[PDB]
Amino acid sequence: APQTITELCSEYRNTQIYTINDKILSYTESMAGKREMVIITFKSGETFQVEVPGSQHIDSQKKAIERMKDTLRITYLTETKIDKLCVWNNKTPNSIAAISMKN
């Protein structure tokens, strides 16, 4: 029922919006144990992760985590411009909660 990524992001603690307005510069993916994750970076210097699935995640988030990784990969590969990221700022690198792209 949120209508924008900013509305959605504001419903949670320890988050903020990063306005990226840019394609992904680098995409990294790991299948190493305990580090099953994706890392993206932008020309601005910003690094963000999709976190390893863990105890902080609720059950409904598990498929959503896998979806987000799918999305970032095809976004990287198509040079698609990301508009905004909603991130958790209590993790290093900051962790992706949501993404938006505009055309």
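Numbering starts at 1 and runs along the sequence shown.
Higher mean CA B-factor, judged across 25-33 and 38-46 from the recorded values: 38-46. Per-stretch averaging of Cα B factors for 47-55 and 66-74 places 47-55 on top.
Among all modelled residues in its chain, residue 94 ranks in the middle third by Cα B-factor. For residue 80, the recorded CA temperature factor ranks within the highest third of the chain's modelled residues. For residue 15, the recorded CA temperature factor ranks within the middle third of the chain's modelled residues.
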